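Trainee: Quick one: the structure is below, and I'll ask about it shortly.
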Amino acid sequence: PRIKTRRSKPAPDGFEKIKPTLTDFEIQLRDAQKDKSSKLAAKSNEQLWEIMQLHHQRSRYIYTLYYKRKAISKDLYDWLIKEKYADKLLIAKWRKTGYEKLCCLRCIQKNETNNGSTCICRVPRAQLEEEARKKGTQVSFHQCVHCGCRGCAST
Amino acid sequence: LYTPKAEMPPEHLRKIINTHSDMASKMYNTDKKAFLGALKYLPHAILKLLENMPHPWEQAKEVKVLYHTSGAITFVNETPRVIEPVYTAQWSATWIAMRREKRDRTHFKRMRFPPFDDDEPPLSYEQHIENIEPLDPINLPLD
Amino acid sequence: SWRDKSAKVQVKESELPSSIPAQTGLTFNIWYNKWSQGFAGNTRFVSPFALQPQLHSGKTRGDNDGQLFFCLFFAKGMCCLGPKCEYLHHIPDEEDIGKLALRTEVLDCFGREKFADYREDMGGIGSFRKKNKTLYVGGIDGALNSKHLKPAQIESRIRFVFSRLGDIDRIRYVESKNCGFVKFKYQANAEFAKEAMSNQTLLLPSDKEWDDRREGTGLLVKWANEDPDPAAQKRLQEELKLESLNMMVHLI
Amino acid sequence: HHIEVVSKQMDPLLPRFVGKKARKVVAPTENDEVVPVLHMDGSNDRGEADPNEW
Amino acid sequence: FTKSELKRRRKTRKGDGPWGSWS
Amino acid sequence: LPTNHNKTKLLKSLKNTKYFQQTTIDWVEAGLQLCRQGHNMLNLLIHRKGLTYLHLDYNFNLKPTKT
Amino acid sequence: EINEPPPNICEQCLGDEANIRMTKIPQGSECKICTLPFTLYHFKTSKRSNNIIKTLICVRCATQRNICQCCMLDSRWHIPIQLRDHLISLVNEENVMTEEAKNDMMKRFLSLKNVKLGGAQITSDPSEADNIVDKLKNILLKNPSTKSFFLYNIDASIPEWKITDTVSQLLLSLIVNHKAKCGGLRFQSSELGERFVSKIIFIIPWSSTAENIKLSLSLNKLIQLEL
Ligand SMILES: [Zn+2]
Ligand SMILES: [Zn+2]
Ligand SMILES: [Zn+2]
Ligand SMILES: [Zn+2]
Ligand SMILES: [Zn+2]
Ligand SMILES: [Zn+2]
């Protein structure tokens with residue numbers, strides 16, 4: 001959510017319904033932004049994931065409102081996108097088949113990953129289980145580094 | 001096998017920056033090295049930032065930005081391009097607006113320099129600025 | 001048992017201590033995390049925490065995984081990740097030592113690389129060039145806030161402390177040198193203890209200086225040079241020979 | 001036994017080559033093979049009369 | 001694999017949405 | 001005359017790697033963040049050198065603390 | 001310089017996978033021996049194995065010792081370098097050491113030399129190794145419920161772990177001093193003590209040519225006490 005200028009087209013009619021929902025998200029983000037001086041590394045990353053997951057949830061909310069629930073108007077949605085309450089790219093990915101669930105965009109860039117391949121969270125849990133069984137071990141991981149993703153839930 | 005970068009949540013970046021003010025652990029030991037490395041490119045970053053100075057008619061200019069995962073640097077990736085005649089028009093309007101202001105105002109308070117004292121740190125964009133609304137920019141009122 | 005229960009948190013990250021020790025100097029150095037403009041007085045102090053192993057030890061993320069390394073902060077008794085930690089949380093045993101026996105030649109049970117030489121003190125993590133299992137235990141005078149105890153009392157307390165953390169090959173207190181020599185069953189165990197009782201207190205609740213435990217200077221657990229004593233040298237040699245016979249028969 | 005080598009791209013902030021630090025290093029010569037130094041002459045009259053002048 | 005098995009098994013995750021607990 | 005062969009820019013190069021991400025940040029935010037970043041950088045450098053007695057002021061006006 | 005030498009990694013170490021994917025950071029660390037830049041190689045042994053294996057030492061160092069670059073063990077026998085040097089010293093010779101110079105400059109210098117160390121000359125050529133092996137082979141051929149005992153006649157060489165394990169097999173706490181041999185054993189319960197005693201170099205009273213033994217004990221004890 002950006003800052004209201006003269007160049008900001010004001011929010012259309014149906015925004016008054018949703019404001020308090022995404023307001024909460026905003027508040028959370030504010031809470032999630034501060035020097036919570038985690039000496040630890042893993043926990044520090046955890047905080048970051050809290051922001052990431054929160055972002056996902058907010059965007060996911062707007063996506064739901066637009067597409068699954070089919071409630072809010074198109075203009076309103078557009079406005080929201082422009083203001084960036086919800087990430088557009090993420091939504092686009094969601095709309096595409098296979099990524100119906102998707103933590104975030106960073107988990108599907110094969111360039112960034114040292115092995116030219118997606119984030120392990122994208123591997124469906126069942127597959128991982130199968131692999132583990134074959135090997136003998138259990139699910140080695142619980143959440144990837146890029147975001148707090150205990151499975152990315154393609155299924 | 002390519003795809004574009006992730007338009008990340010800027011909140012993430014903010015969080016990272018917040019984290020790297022109280023830096024004093026073996027956690028982010030290599031991030032300090034990262035910071036040192038970034039001095040190479042800090043002048044480049046500066047240039048980009050000054051390149052996308054919001055012109056005096058832009059109230060609150062957003063911009064795309066690359067930033068190190070450890071928040072050791074914050075580039076201003078967007079190139080600040082403009083339709084030349086349009087640009088001239090904008091500056092002309094600000095030229096006349098500014099001139100008008102000069103005309104009307106009996107005294108004209110300038111900013112004291114530098115703006116902040118050595119004790120006062122760089123105030124957080126989220127805590128102070130992001131809440132409060134900006135004043136109206138300069139632009140002569142058009143018919 | 002440790003395997004019966006999940007590992008409790010040592011201390012929550014709220015309770016954890018900051019990385020700004022003692023202001024030893026006039027100004028703080030950002031890139032070093034040390035202090036500066038003055039090195040007046042000794043740096044070392046006593047650990048606020050200690051590995052109470054039965055109250056703490058347990059399952060982890062690692063015990064699911066087969067992470068082969070133990071938690072330094074477990075040994076120190078200050079791990080802020082309890083069951084969510086990747087590094088393990090229990091006393092090393094024959095099963096786990098055996099499990100990591102390949103890699104542990106090159107590096108510690110805390111998964112950090114050993115070096116060519118001991119750090120001149122014999123103080124830091126061991127050299128790879130020696131397979132030492134023997135910790136020198138200095139600073140007992142400091143570890144008990146100048147408590148005039150008996151040598152027997154000392155050695156017994158020491159025994160109580162290190163026997164808890166690993167299987168002992170032998171211990172012997174030296175009155176004439178005011179120190180210990182605490183040979184362990186395994187190198188992993190030795191490593192574990194050497195951190196687990198570094199900067200710790202030999203004091204107990206029964207002792208009167210219990211609330212002054214923090215204020216002194218902790219145990220100086222370092223590594224031990226082999227004794228000049230030919231009484232043990234011979235034994236060592238014999239052991240080496242025996243081991244050699246094992247491996248040599250194993251080659252064919 | 002077979003394996004795939006890779007070069008992981010690293011952060012272009014951190015030093016590219018962490019190792020190199022301008023060490024002073026003394027060289028061992030490694031002249032393991034011996035080599036002669038082999039001049040053919042034997043001057044007595046001029047070779048002994050000269051040093052008195054030289 | 002039956003798609004109802006995945007339906008029953010994706011509610012076993014104690015958290016909602018992307019972060020599941022999975023014990 | 002600008003040389004043409006070098007068509008791998010700095011930002012482009014950086015974009016190629018994983019260690020950078022991109023966001024839409026307000027220019028003021030970018031500025032403030034870059035002052036903070038720059039300050040941290042220079043202090044890190046100075047401390048690294050060892051000379052902690054050179055106090056950077058937040059206004060980038062360097063001066064020594066002690067004589 | 002050019003990446004002329006290849007990495008010298010052994011099998012056991014590396015793990016039983018037909019194809020692993022390792023990475024090479026060139027000029028990627030100072031080694032653990034000679035403080036000298038080298039191409040650091042590293043890999044997870046399996047994909048989902050958490051422990052990376054990084055090549056600790058430099059290739060020249062590895063060659064010099066004739067060892068693995070990750071294990072620090074001989075590439076042939078997969079055993080500690082010192083131990084193998086001892087073995088070699090024992091068979092065929094009297095003295096074979098591999099002295100690393102513990103001074104930071106000299107170590108570098110030593111590393112630079114293309115010359116094998118003591119044991120490395122044996123283990124490099126497989127014929128010689130085989131010969132050494134065969135030579136080695138040739139060379140080869142009443143219960144008052146005390147819960148607290150005081151054990152005596154303890155072999156000087158025996159460790160406490162052996163003792164306690166033996167006790168467990170015959171089944172707690174234990175105190176031993178190898179000077180005195182006043183093995184101040186104590187059980188976690190008296191019932192356990194009873195169990196132990198009923199289940200029975202094991203000379204064992206229950207305090208809370210044996211004569212000469214007592215004397216030997218005596219003198220040793222006295223000496224211990226003086227210490
Ligand atoms: Zn993600
Ligand atoms: Zn992921
Ligand atoms: Zn994901
Ligand atoms: Zn832990
Ligand atoms: Zn190896
Ligand atoms: Zn080396």
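We name chains A, B, ... following the order of the structure tokens; residues begin at 1 in each chain, and ligands are numbered from 1 as shown.
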With DSSP run on the backbone, what are the helix (DSSP H, G or I) residues within region 6-242 of chain C? I'd like them as a VMD selection string.

Mentor: chain C and resid 53 to 56 62 to 65 72 to 76 82 to 84 94 to 100 103 to 105 140 to 143 151 to 163 187 to 196 230 to 242

Trainee: Would you name the residues within 12 Å of ligand 1, counting only C-alpha atoms and all ligand atoms, and put them as an MDAnalysis selection string?

Mentor: (chainID A and resid 48:56 90 99 101:109 118:122 143:153) or (chainID B and resid 6 8:9) or (chainID E and resid 18:19)

Trainee: Which residues come within 9 Å of residue 133 (chain G), counting only C-alpha atoms, excluding same-chain residues fewer than 6 positions away, as a PyMOL selection string?

Mentor: (chain C and resi 248+251-252) or (chain G and resi 91)

Trainee: Find the residue from B:112, B:33, B:81, B:61 that sits nearest to chain A; use only C-alpha atoms when measuring.

Mentor: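 Between B:112, B:33, B:81, B:61, the residue approaching chain A most closely is B:61.
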
Trainee: Residue 140 (chain B): which residues within 10 Å, counting only C-alpha atoms, same-chain residues fewer than 3 positions away excluded, as an MDAnalysis selection string?

Mentor: chainID B and resid 57 90 92:98 100:101 137 143

Trainee: May I have the selected residues written with N, CA and C atoms, as a PDB file, in the first residue's frame?

Mentor:
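After the write, selection.pdb holds the following:
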```
ATOM      1  N   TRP B  57       7.370  18.640  -9.004  1.00  0.00           N
ATOM      2  CA  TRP B  57       5.931  18.412  -9.147  1.00  0.00           C
ATOM      3  C   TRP B  57       5.461  17.020  -8.732  1.00  0.00           C
ATOM      4  N   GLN B  90       6.664  20.604 -18.006  1.00  0.00           N
ATOM      5  CA  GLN B  90       6.544  20.447 -16.562  1.00  0.00           C
ATOM      6  C   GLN B  90       7.474  21.454 -15.863  1.00  0.00           C
ATOM      7  N   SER B  92       8.700  24.152 -17.135  1.00  0.00           N
ATOM      8  CA  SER B  92       8.201  25.488 -17.420  1.00  0.00           C
ATOM      9  C   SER B  92       7.122  25.882 -16.403  1.00  0.00           C
ATOM     10  N   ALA B  93       6.229  24.953 -16.155  1.00  0.00           N
ATOM     11  CA  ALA B  93       5.132  25.175 -15.212  1.00  0.00           C
ATOM     12  C   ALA B  93       5.697  25.430 -13.804  1.00  0.00           C
ATOM     13  N   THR B  94       6.677  24.636 -13.440  1.00  0.00           N
ATOM     14  CA  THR B  94       7.350  24.840 -12.154  1.00  0.00           C
ATOM     15  C   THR B  94       8.143  26.108 -12.180  1.00  0.00           C
ATOM     16  N   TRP B  95       8.705  26.514 -13.305  1.00  0.00           N
ATOM     17  CA  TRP B  95       9.452  27.758 -13.391  1.00  0.00           C
ATOM     18  C   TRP B  95       8.523  28.932 -13.083  1.00  0.00           C
ATOM     19  N   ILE B  96       7.346  28.903 -13.692  1.00  0.00           N
ATOM     20  CA  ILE B  96       6.364  29.967 -13.506  1.00  0.00           C
ATOM     21  C   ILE B  96       5.743  29.884 -12.125  1.00  0.00           C
ATOM     22  N   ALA B  97       5.528  28.684 -11.614  1.00  0.00           N
ATOM     23  CA  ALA B  97       4.968  28.516 -10.284  1.00  0.00           C
ATOM     24  C   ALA B  97       5.924  29.083  -9.247  1.00  0.00           C
ATOM     25  N   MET B  98       7.185  28.700  -9.383  1.00  0.00           N
ATOM     26  CA  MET B  98       8.252  29.134  -8.474  1.00  0.00           C
ATOM     27  C   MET B  98       8.352  30.654  -8.495  1.00  0.00           C
ATOM     28  N   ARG B 100       6.112  32.786  -9.448  1.00  0.00           N
ATOM     29  CA  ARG B 100       4.891  33.299  -8.823  1.00  0.00           C
ATOM     30  C   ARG B 100       5.031  33.375  -7.314  1.00  0.00           C
ATOM     31  N   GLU B 101       5.490  32.264  -6.743  1.00  0.00           N
ATOM     32  CA  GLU B 101       5.710  32.130  -5.300  1.00  0.00           C
ATOM     33  C   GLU B 101       6.647  33.219  -4.798  1.00  0.00           C
ATOM     34  N   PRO B 137       2.571  19.519  -3.873  1.00  0.00           N
ATOM     35  CA  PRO B 137       3.685  19.942  -4.725  1.00  0.00           C
ATOM     36  C   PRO B 137       3.494  21.280  -5.401  1.00  0.00           C
ATOM     37  N   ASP B 143      -6.155  26.120 -16.147  1.00  0.00           N
ATOM     38  CA  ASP B 143      -7.548  26.183 -16.604  1.00  0.00           C
ATOM     39  C   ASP B 143      -7.901  24.938 -17.420  1.00  0.00           C
TER      40      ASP B 143
END
```

Trainee: How many Å separate CA of residue 17 (chain B) from CA of residue 42 (chain B)?

Mentor: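 So the two atoms, CA of residue 17 (chain B) and CA of residue 42 (chain B), lie 15.7 Å apart.
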
Trainee: Please identify every polymer residue within 8 Å of ligand 4, using only C-alpha atoms and all ligand atoms, and present the set as a ChimeraX atom specification.

Mentor: /C:60,70-74,79-89

Trainee: Using only C-alpha atoms and a distance of at most 12 Å, pull out the residues of chain B that contact chain D, as an mmCIF file with C-alpha atoms, in the first residue's frame.

Mentor:
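So the final result, stored in selection23.cif, reads:
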```cif
data_model
loop_
_atom_site.group_PDB
_atom_site.id
_atom_site.type_symbol
_atom_site.label_atom_id
_atom_site.label_comp_id
_atom_site.auth_asym_id
_atom_site.auth_seq_id
_atom_site.Cartn_x
_atom_site.Cartn_y
_atom_site.Cartn_z
ATOM 1 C CA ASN B 29 29.671 -11.664 10.114
ATOM 2 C CA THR B 30 29.883 -12.256 6.351
ATOM 3 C CA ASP B 31 27.204 -9.610 5.860
ATOM 4 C CA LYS B 32 29.654 -7.030 7.209
ATOM 5 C CA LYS B 33 32.101 -8.175 4.526
ATOM 6 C CA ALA B 34 29.201 -7.720 2.104
ATOM 7 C CA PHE B 35 28.802 -4.134 3.308
ATOM 8 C CA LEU B 36 32.497 -3.481 2.723
ATOM 9 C CA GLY B 37 32.246 -4.984 -0.752
ATOM 10 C CA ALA B 38 29.280 -2.727 -1.492
ATOM 11 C CA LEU B 39 31.519 0.333 -1.108
ATOM 12 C CA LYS B 40 32.634 -0.443 -4.681
ATOM 13 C CA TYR B 41 29.132 0.193 -5.909
ATOM 14 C CA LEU B 42 27.922 2.801 -3.426
ATOM 15 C CA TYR B 67 18.735 -4.724 -2.835
ATOM 16 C CA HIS B 68 21.183 -7.177 -1.316
ATOM 17 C CA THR B 69 19.544 -9.917 0.738
ATOM 18 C CA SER B 70 21.630 -8.693 3.706
ATOM 19 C CA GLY B 71 20.612 -5.051 3.028
ATOM 20 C CA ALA B 72 24.187 -4.012 2.369
ATOM 21 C CA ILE B 73 23.095 -1.894 -0.628
#
```
